[PDB]
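**Q** Okay, handing you the structure first.
Here Cβ is always computed from backbone atoms with ideal geometry, including for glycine, and neighbour counts include all displayed protein chains. Just so you know, all these numbers are worked out from the coordinates, no wet-lab data involved.
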Amino acid sequence: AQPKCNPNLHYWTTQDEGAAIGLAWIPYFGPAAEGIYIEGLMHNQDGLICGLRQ
């Protein structure tokens with residue numbers, strides 16, 4: 001009930017969680033994506049998710 005770093009693994013920490021392309025370039029990698037494309041948190045964060053264990 002207190003994970004550590006949710007979107008600070010790789011698919012997000014590396015790129016823009018599928019925002020450095022446009023999303024509408026694939027047939028499912030983005031539009032269909034949900035926990036990779038998210039779209040709404042890609043702001044280079046690491047405290048609201050990857051702080052200590054929240």
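**Q** Counting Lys +1, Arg +1, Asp -1, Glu -1, what net charge surrounds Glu17 among other residues with beta carbon under 12 Å of its beta carbon? All intermediate terms of the calculation are to be shown ahead of the outcome.
**A** On the way: positive: none; negative: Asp16, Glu34, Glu39.
Summing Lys/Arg as +1 and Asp/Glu as -1 gives -3.
**Q** Here is a follow-up. Sorted by average packing, counted as other Cβ atoms within 10 angstrom per residue and highest first, what order do 45-53, 15-23 take?
**A** Values: 45-53: 12.1, 15-23: 15.0.
So the peptides 45-53, 15-23, ranked by packing, come out 15-23, 45-53.
**Q** Taking the alpha carbon gyration tensor of the range 12-54, what are the square roots of 5 times its eigenvalues, largest first, to the nearest whole Å?
**A** 23, 10, 7
**Q** Something else about it: Applying 1/(1 + (r/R0)^6) with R0 = 30 Å to the Cβ-Cβ distance of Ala1 and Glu34, what FRET efficiency is obtained, to the nearest 0.05?
**A** 0.85
**Q** Once the piece of chain linking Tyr11 and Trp25 is laid out straight, how much longer is it, given 0.36 nm per residue of separation minus the C-alpha distance between them?
**A** The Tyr11-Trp25 span can extend by a further 3.3 nm.
**Q** Not counting the cut sites, what is the longest span of the chain without chymotrypsin sites (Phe, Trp or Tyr not before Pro) that DSSP labels loop and that have at most 11 other Cβ atoms within 10 Å?
**A** Excluding the exposed sites themselves, the longest stretch runs over 29-54.
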